[PDB]
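What follows is a single chain, given as structure tokens, in the form deposited in one PDB entry.
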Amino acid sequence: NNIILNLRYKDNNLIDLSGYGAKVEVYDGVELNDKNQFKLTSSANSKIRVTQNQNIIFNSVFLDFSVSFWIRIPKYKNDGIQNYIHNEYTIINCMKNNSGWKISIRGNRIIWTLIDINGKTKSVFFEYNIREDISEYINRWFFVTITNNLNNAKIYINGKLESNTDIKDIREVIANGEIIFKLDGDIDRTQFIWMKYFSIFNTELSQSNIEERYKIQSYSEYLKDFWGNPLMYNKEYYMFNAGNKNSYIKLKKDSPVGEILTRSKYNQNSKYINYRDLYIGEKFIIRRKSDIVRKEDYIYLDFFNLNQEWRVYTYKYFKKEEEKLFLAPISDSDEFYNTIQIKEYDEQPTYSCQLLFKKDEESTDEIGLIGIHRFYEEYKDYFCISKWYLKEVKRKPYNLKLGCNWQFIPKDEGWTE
């Protein structure tokens, strides 16, 4: 559907599946996986060369074409902040006779550049904050779309318009060059980039059509982690509350309950960056109740304490609208429920999930949703179950502020702190 290049994984390779049959040469330094993600590193053979079908390039003067892809750009090093902010490097290039387009990164900025044969140049970029307690962009998969017509170059992020440059002063742009995927410029040996679903269209895509591609390419039967990667069974995870972004869970001292604490922040002295620590709190693990965690699966939410796997329970007969959850050894007990069904109540794209307690894998009764609540101690916030959430999650549009919304944070080389 107006698609002229469609890079996709196949047989430990990336191949153009557009139907136009371009040649794609992936060199040995490119890391691949069957989830369609590919990784560009600093090494020289870490590259992809694409040789276009010379019959279906973009129009050099009307400039009617679009580029879409997902990207995951690692966090800055706390001690490489000035190189991060200042070094620009190219990630993807399509140039012939010093004309064409390129995609560049400069720290927290992603840049689109057009160059006409006359040598005239125009750019448009997207930039994200590097001071946020919790950023939705740093080290997390997000969707980029660049569109061009004769007058404007635009960047959409996650289906929404972010930037807009007039490109009227741009004349003829040569269209038929090889597309080169490669980090190019002054970069660190540890600098890398993840990408997926790279596509080129011979049309200016509309926001409506882009917002749809974002939804379609966001959809999966499985859940995702904080970074946007698949959520897995048998993997250690930190827990994030999308309703309480700055809070984390700690097992209360010598007590089988989860207290909620405030995340520690970047405390060094640089005035360019700020963040909250992500690698803190209890370390959890998802177990099946009988690979990838799928919506509606039945699970156990466990965690590690005293070199042992403990479990998260709810008291069967709690009276109030909410109650503290019981965090305790794995045990048979008729006073507690252990069965959780994992949910995604949001209809829009998200990395949040919800955790519903039930009697078993057959029952239709719903006990409550795992969340956060302030308890009478002076008050104190605890890790809780709640039936209050059960009606709130019915509300449209989905309420993002509900503390029943969780994300799972595994360690990742793109996030150091």
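For clarity, a rigid core is taken as the largest C-alpha set superposing within 1.5 Å between two forms. Heads up: residue numbers just count along the shown sequence, starting at 1.
From this point on, the text means the form deposited in another entry, which you will not see here.
- Candidate set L63, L369, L40, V50; criterion, C-alpha shift of 2 Å or more between this form and the one not shown after rigid-core fit; matching residue, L63.
- In the other form, the Cα positions of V61 and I200 lie at least 3 Å nearer to each other than in the form displayed.
- Distance between the C-alpha atoms of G100 and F62: shorter in the other form than here (change of 3 Å or more).
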